Amino acid sequence: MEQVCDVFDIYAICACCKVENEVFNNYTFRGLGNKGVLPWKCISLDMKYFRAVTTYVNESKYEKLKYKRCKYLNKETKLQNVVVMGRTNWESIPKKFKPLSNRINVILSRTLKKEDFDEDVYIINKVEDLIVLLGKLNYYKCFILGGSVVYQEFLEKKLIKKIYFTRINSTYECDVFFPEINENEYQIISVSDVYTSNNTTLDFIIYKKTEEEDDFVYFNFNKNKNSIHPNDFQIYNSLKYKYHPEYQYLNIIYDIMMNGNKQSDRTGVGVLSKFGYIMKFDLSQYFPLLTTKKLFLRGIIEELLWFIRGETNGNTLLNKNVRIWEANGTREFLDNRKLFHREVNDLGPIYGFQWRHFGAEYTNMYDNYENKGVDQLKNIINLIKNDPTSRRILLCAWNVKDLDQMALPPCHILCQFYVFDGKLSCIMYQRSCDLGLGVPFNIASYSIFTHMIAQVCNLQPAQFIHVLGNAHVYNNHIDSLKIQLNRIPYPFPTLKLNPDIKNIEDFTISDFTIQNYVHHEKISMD
Amino acid sequence: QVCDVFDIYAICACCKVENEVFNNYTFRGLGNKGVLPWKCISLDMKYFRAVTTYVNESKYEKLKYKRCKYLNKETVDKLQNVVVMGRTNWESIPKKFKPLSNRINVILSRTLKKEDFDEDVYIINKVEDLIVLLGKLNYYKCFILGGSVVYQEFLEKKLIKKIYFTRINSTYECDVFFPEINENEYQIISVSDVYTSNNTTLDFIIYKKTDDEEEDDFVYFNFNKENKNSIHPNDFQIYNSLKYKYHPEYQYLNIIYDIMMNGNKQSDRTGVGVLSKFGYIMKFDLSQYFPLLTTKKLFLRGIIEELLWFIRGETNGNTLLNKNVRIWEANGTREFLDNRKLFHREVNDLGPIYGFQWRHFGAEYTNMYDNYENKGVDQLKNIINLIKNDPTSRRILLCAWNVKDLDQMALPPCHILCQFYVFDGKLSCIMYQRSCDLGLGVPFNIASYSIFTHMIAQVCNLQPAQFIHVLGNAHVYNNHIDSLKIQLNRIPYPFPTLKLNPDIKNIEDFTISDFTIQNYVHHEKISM
Ligand SMILES: NC(=O)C1=CN([C@@H]2O[C@H](COP(=O)(O)OP(=O)(O)OC[C@H]3O[C@@H](n4cnc5c(N)ncnc54)[C@H](OP(=O)(O)O)[C@@H]3O)[C@@H](O)[C@H]2O)C=CC1
Ligand SMILES: NC(=O)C1=CN([C@@H]2O[C@H](COP(=O)(O)OP(=O)(O)OC[C@H]3O[C@@H](n4cnc5c(N)ncnc54)[C@H](OP(=O)(O)O)[C@@H]3O)[C@@H](O)[C@H]2O)C=CC1
Ligand SMILES: CCc1nc(N)nc(N)c1Cc1cccc(-c2cccc(C(=O)O)c2)c1
Ligand SMILES: CCc1nc(N)nc(N)c1Cc1cccc(-c2cccc(C(=O)O)c2)c1
Ligand SMILES: O=c1ccn([C@H]2C[C@H](O)[C@@H](COP(=O)(O)O)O2)c(=O)[nH]1
Ligand SMILES: O=c1ccn([C@H]2C[C@H](O)[C@@H](COP(=O)(O)O)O2)c(=O)[nH]1
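Residues numbered from 1 in each chain as written, not as in the entry; some residues may be left out. Chains lettered and ligands numbered in written order. Heavy atoms only, no water. Residues with missing side-chain atoms left out of burial classes, pairs and counts.

J.: I tried to follow the site of ligand 3 on my own but got confused; where do I start?
T.: All names here are of chain A. The environment of ligand 3 is made up of 17 residues, and the closest members are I13, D46, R51, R103 and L145. The side chain of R103 places a nitrogen or oxygen atom 2.9 Å from an oxygen atom of ligand 3. The fraction of the free accessible surface of ligand 3 (560 Å²) that becomes covered by protein chains is 92%. For the shell around ligand 3, the elements supplying multiple residues, two or more each, are β1 (10-19) and α2 (44-55). Counting residues per element, the shell around ligand 3 draws most heavily on α2, at four residues. (Near = heavy atom within 4 Å. Polar contact = N/O pair within 3.5 Å; in protein donor to acceptor, adjacent residues only side chain to side chain. Areas by Shrake-Rupley, 256 points an atom, 1.4 Å probe, with all protein chains shown as cover. Helix = DSSP H or I, 4+ residues; strand = E, 2+ residues; numbered from the N terminus.)

The structure is reproduced here in structure tokens:
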């Protein structure tokens, strides 16, 4: 008829870390505590979150809660929340925080009774006594704070209506663990933005138990296009709040699937296409390596270093077993570009040559172009250092003169940089965007490049901003992207650079570390 | 009050009538010679039927409750709306539409007999008889449909809760007019998107008499979202008093507001100081309007000449100056060039700027008088050919940022590139701007590249779709702040329209006389 946890609004809130090429799932985050305390030193942002949720009340909503609880109990006609702790949980809290401020404190125990406590707290020695207590109290909501024993038995008994679950994206030694959530009993309905706090990333997810209004209608008086189906996005559409920054990428895919224009293309596969998007990623808070599928970064980092050296020799990448440019360097591909006098894997005056030698005459991939052309990479590093408010800090790969000599014209047209308050942001304009295959890597590439330029200019990375021009999904990718859109992102990883690298030319592959990459399974887009 | 008890609204449509000053009264034409002043404008008709038939039955129980208590009753003893038409208005409606479908028809008439119409059609003979009739009916809301007499008397009797006012942005001969809405009595609260229907733009404004399981979760996710810039948002009383701000000019205005509220204080070369942010997109639908800002006056002749000068490939600033187009004057002075270290550059020789790069990218620049025929890459020709011959190309770009020539330019281009996109016979254009003077430069820039998109689309036999503006370093000069505060609190008018001479089929064949702005309605000019 009614559930106890719905009448009395019984929630659980917790924070779980990871515990010691692996496979990941929701149970990856399950570390609760260690040796009777928390596994980590204070993660302060989670404490602020935990305090806002457990202390927040809305007075205007109590009368309905009050009415509803009377009806269930068969009774007639400042506000605070109730919080429930195991006895072990209670003893691990620092004394200066007890009783938890502005909350009604309740402790479960058998070995201790109210005579053993100095504080303003309720003792109860069984779960049934909490329901009795709640029927007699005036309160807004009831939050179960753990520990592990308390969680397990409240989940066991179907007494939890929502789990407020912080995912701590780092590994610690643990000896107690959140119960394995039964995906048939609970589903994720919301996921927050990603944050960094105390040298770890984290997000907040929510499991749920499984007049001027008419003017709006008037103004919408004038509102199965692409053969895409509802049930094919059930998980994606069931989420209420989608604040994880990975949704900037997934929503654009959704948008192209549901509203894109059908078109042919140079390749003949055919695409759905739209025109003009912007994504923004906060590199101060996370490294935006996509988590709804597995991505590798060694190739794109070697590519970036190969760019910065000004190289155009495709053999250099192939010798590191990086095959990104291999198809663009074959005799057949070059011939079909009319590059009949071009040696195999000589890609012509592409990215690297334009960044270090714009306007120089290209000869072959072995020439020494020292002091030919405009070394715009050096120029923009100098403007950032010495003229940070300049609105001319731009790095351009679209050299109109050289386009036909390139193996193919650049997609990443330009980077513009912005400096404020000791922090560096970067816009990259992409003329053509393969959303299913290329954009994931391109986000990672320029995100890394922003870190490198910021460090050698002694700035901190801020936003990477990604403007998409012709944004398209290949029809060959649609079934894979349907799978991918129905996965829930994980908290992003972090990127660390060797801090002793002071000049842009001095990085090597080993100066980069990606830490705490948690990700869904690899996907063949075909 | 009566009109709040019984939910009495007015709904009307007004055209313009036969340096002009504009105001809300500019739109006041109701009828002419017993008919509507215009041929049918189908979009306003669709909105009309929608407003006057829409009913939310779940919301009626409280309206019935409210009306009964007002009348000291307990009962009123399918929910439709009520519609009130004057007799002139009622008789001039085509026969096959009367009685108005799914509406309770009510007619003010001192000469019509209750007999000649069915029992479902009501006939009153004074205004207070409607209040009596509303006391005895079940209805959602009561709409006053006109005509001029009915508007005037209902309005001077303070019997109107809101006005749903369609602004028809064209001119017609009229002999009856809406009453001048006293802005001390009513005020605009919501403004719609701009539209094109039957060869006129129009918009829709609203005048006003003067699971919470997921509500809490919203609060928690805001737990860290703890105004910073010495701006007092009470200076934007009108702006923040609006409820629905759907006019596409709000794309521009919302960005000024964002930079004021949240911009970063930075200095610049002139010491003036700016508020800046990084990264915006605006999109304007050229199929439905020409986005010439209306919250201040904008002139376009110089803007068009500069474009034509670009297309000719010119770099000689004297050409513009002899036409009194002075956009580039300050960049061509002896002093400005010397500061650029261009010691060997003639005054007003701007070097290899836009026009030279569009028609001659990669050519060696000598001076502004040289013959550059067939030197360098003719990008403009190239992209026009790609549009016509390979329209699904993702390489249709027009780039002015020639890294090799920047230092020889009087200054590097602010408009880095245009990219084009073709689908189903329609042309859209993205322009990326590295540096955006929101107060002065950006309004002109939206117009320049909106026009350019029309020109490219016509010489390619395409229709213009969107113009899409990407702002890089976006700034408000500190000395514009007072002027933009005034501008944020003006309500835009429906946009004008751009017409090109349809005979021009080559990008190089346009002349100044081939461009006409139609029905530009605007607020007064502002010195920034
Ligand atoms: N990261 C997080 O989100 C959280 C972490 N933690 C960590 O978890 C650990 C503590 O959790 P845990 O070790 O599982 O111990 P708990 O905090 O779960 O409390 C255990 C004790 O609570 C009492 N108790 C539990 N259920 C009942 C009941 N039905 N009736 C009566 N008394 C009851 C008993 O106390 P008695 O023995 O006196 O009967 C039991 O021994 C610590 O490491 C703590 O720091 C704690 C909370 C949340
Ligand atoms: N686009 C728009 O927004 C609208 C346009 N129109 C146009 O408006 C024009 C009509 O202007 P108008 O002539 O002012 O139309 P009206 O309907 O305002 O004519 C008023 C009539 O209503 C009756 N009436 C007025 N006041 C009273 C009263 N206090 N008590 C009783 N009966 C009353 C009289 O009928 P009697 O003669 O029997 O006394 C009078 O002739 C037409 O050209 C029509 O096309 C129509 C509706 C709205
Ligand atoms: C890691 C923390 C945490 N985060 C989240 N999201 N859920 C949790 N169940 C906990 C653990 C917890 C439980 C009970 C009280 C405290 C506590 C500590 C110190 C001070 C206070 C206070 O309220 O001042 C509370 C922590
Ligand atoms: C110019 C139109 C208009 N727009 C708006 N916004 N307000 C208006 N007062 C009118 C004029 C009007 C008034 C009464 C009935 C009709 C009518 C005509 C033909 C058919 C129907 C119908 O309902 O089928 C109604 C028009
Ligand atoms: O870094 C890259 C390089 C290529 N592409 C994709 C976009 C297009 O699908 C294709 C290039 O095609 P053109 O736009 O040049 O035709 O490769 C990317 O998304 N990112
Ligand atoms: O067409 C133009 C030309 C200039 N500006 C403004 C932007 C900057 O305020 C200034 C450009 O100077 P720098 O970005 O080079 O500093 O001119 C525009 O907004 N639009």
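Resuming the write-up.
J.: Any chance you could explain the site of ligand 6 here in plain terms?
T.: Surveying the vicinity of ligand 6 reveals 14 residues, the closest of which are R392 of chain A together with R269, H415, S435 and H475 of chain B. Burial of ligand 6 by the protein chains amounts to 79% of its free accessible area of 460 Å². Of all the secondary structure elements, the ones that give two or more residues to the shell around ligand 6 are β17 (426-437), α15 (441-459) and β18 (463-477) of chain B. Here the shell around ligand 6 gets five residues from one element, more than from any other, and that element is β17 of chain B. Of the residues belonging to the shell around ligand 6, the class tally is three nonpolar, six polar and five charged. (Nonpolar A, V, L, I, M, F, W, Y, C, P; charged D, E, K, R; others polar.)

J.: So what exactly am I meant to see when it comes to the interface of chain B and chain A here?
T.: Many structure descriptions define interface size as the accessible area lost when the parts assemble. Taken together, the 87 residues of chain B in the interface contact 86 residues of chain A. Where chain B abuts chain A, roughly 7,700 Å² becomes buried across the two surfaces, and 60% of that area is made up of carbon and sulfur atoms. On the chain B side of the interface with chain A, the three residues burying the most area are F221, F278 and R394 of chain B, jointly 13% of the side's total. Counting every contact that joins chain B to chain A gives 17 salt bridges. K162 of chain A serves as the salt-bridge partner of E213 of chain B, at 2.7 Å between the closest nitrogen and oxygen. Linking chain B to chain A there are 43 residue pairs in polar contact. (Contact = heavy atoms within 4.5 Å. Buried area = accessible area lost by both parts, 1.4 Å probe. Salt bridge = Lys/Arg side-chain N within 4 Å of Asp/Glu carboxyl O.)

J.: Just to check I follow, could you spell out a nonpolar patch on the surface for this structure?
T.: Side chains of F216 and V217 of chain A together with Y246 of chain B sit close together on the surface and give an oily, nonpolar patch of about 240 Å² of accessible area. By the secondary structure assignment, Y246 of chain B is in the loop between β12 (244-245) and α9 (249-262). (Patch = residues over 30% accessible without salt bridge, like charges linked within 9 Å, V, L, I, M, F, W, Y side chains within 5 Å.)

J.: Explain the environment of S450 of chain B to me, please; I cannot follow it from the model alone.
T.: In this structure, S450 of chain B sits in helix α15. In contact with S450 of chain B, not counting residues within four places along its chain, are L286, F290, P291 and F467 of chain B.

J.: Whenever I open this one, the UniProt feature "active site" (unreviewed entry) in chain A confuses me. Can you help?
T.: Residues and elements named next belong to chain A. Under the local residue numbering, the UniProt record ascribes the feature "active site" (unreviewed entry) to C411. Its location among the elements puts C411 in the loop between β15 (394-396) and β16 (412-420). The residues touching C411, leaving out its near neighbours within four places in the chain, are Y351, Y429, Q430, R431 and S432. (UniProt positions renumbered as here; feature names shortened; annotations may be inferred.)

J.: It is not clear to me how the pattern of salt bridges should be interpreted in this structure. Could you clarify?
T.: Working definition: two side chains of opposite charge can pair if their charged atoms are close together. Counting across every chain of the model gives 57 salt bridges over all chains. Between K162 of chain B and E212 of chain A there is a salt bridge whose closest N-O contact spans 3.4 Å. Taken as a pair, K162 of chain B in strand β7 (residues 162-172) and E212 of chain A in helix α7 (residues 212-219) lie in two separate chains rather than in one. For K158 of chain B, the salt bridge identified is with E185 of chain B, shortest N-O distance 2.9 Å. In this pair, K158 of chain B is assigned in the loop between α6 (148-156) and β7 and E185 of chain B in the loop between β8 (176-177) and β9 (186-191), connecting sequence segments 27 residues apart. Within this structure, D9, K68, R69, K161, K162 and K208 of chain A together with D211, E213, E214 and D217 of chain B form a network of salt bridges that share partners.

J.: Any chance you could explain the pairing of strand β1 (residues 8-17) of chain B here in plain terms?
T.: Along a regular strand, successive side chains alternate from one face of the sheet to the other. Residues and elements named next belong to chain B. A large share of β1 lies buried, amounting to nine of its 10 residues. In this structure, β1 lies alongside β7, joined through eight bridges in parallel fashion. Within β7, the position partnered with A10 by the bridge is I163. (Buried < 20%, exposed > 50% of the residue type's maximum accessible area, 1.4 Å probe, protein only. Pairing = 2+ DSSP bridges.)

J.: When you look at the sheet that holds β18 of chain B in this model, what are you seeing that I'm missing?
T.: In any sheet, the strands associate via hydrogen bonds between backbone groups, in a parallel or an antiparallel arrangement. All names here are of chain B. Strand order in the open sheet made by the six strands is β13-β14-β18-β17-β16-β15, with mixed pairing throughout. The open sheet has two edge strands with one neighbour each: β13 (264-266) and β15 (397-399). Put simply, the sheet's adjacent strands are angled 20° from each other on average, direction ignored. Direction of pairing for β17 relative to β18: parallel, over a ladder of 10 bridges. Residue pairing across strands places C436 opposite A474, the latter belonging to β18. (Axes fitted to C-alpha atoms, helices over the stretch in contact; angles between N-to-C directions.)

J.: Sorry, what's going on with helix α3 (residues 62-73) of chain A here?
T.: Given 3.6 residues per helical turn, the α-helix brings residues three or four places apart onto the same face. Residues and elements named next belong to chain A. Its 12 residues place the ends of α3 16 Å apart at the C-alpha level, agreeing with the 16 Å of an ideal helix rising 1.5 Å per residue. Of the positions making up α3, those classed as buried are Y62, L65, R69 and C70. Along the axis of α3, the buried residues cluster in a sector spanning 135°; they form a single face. Opposite its buried face, α3 presents the exposed residues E63, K64 and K71, each directed more than 90 degrees away. Its buried side turned inward, α3 meets α1 (4-7). A positive phi of about 65° marks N74, the residue just after α3. (Expected span 1.5 Å × (residues − 1). Arc of directions from axis to C-beta.)

J.: Any chance you could explain the environment of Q515 of chain A here in plain terms?
T.: Residue and element names in this part refer to chain A. Assignment of secondary structure puts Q515 in strand β20 (residues 512-515). When the C-alpha positions of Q515 and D479 are compared, they lie 30 Å apart, and in sequence the two are 36 residues distant. Excluding residues within four positions of it along the chain, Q515 makes contact with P493, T494 and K496. A polar contact is formed between the side chain of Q515 and the side chain of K496, at a distance of 2.7 Å.

J.: It is not clear to me how the UniProt feature "binding site: NADP(+) 2" (unreviewed entry) in chain A should be interpreted in this structure. Could you clarify?
T.: Residue and element names in this part refer to chain A. UniProt marks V37, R87, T88, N89, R110, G147, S148, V149 and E153 with the feature "binding site: NADP(+) 2" (unreviewed entry), using the numbering shown here. Looking at the element boundaries, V37 is found in the loop between β2 (29-33) and α2. What makes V37 partly exposed here is its relative accessible area of 47%. One can find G147 in the loop between β6 (142-144) and α6 (148-156).

J.: How should I be thinking about the packing of helix α10 (residues 301-311) of chain B against α15 of chain B in this particular structure?
T.: When two helices pack together, their arrangement is given by the angle between their axes and by how far apart the axes lie. All names here are of chain B. At a minimum axis separation of 10 Å, α10 and α15 run at an interaxial angle of 55°. Relative to α15, α10 is oriented oblique. Seen along the crossing, α10 lies across α15 with a hand that is right-handed. Residue-level contacts link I303, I304, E306, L307, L308 and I311 of α10 to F444, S448, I451, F452 and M455 of α15. (Parallel < 35°, antiparallel > 145°, perpendicular 65-115°, else oblique. Left-handed = near helix turned anticlockwise from the far one by under 90°.)

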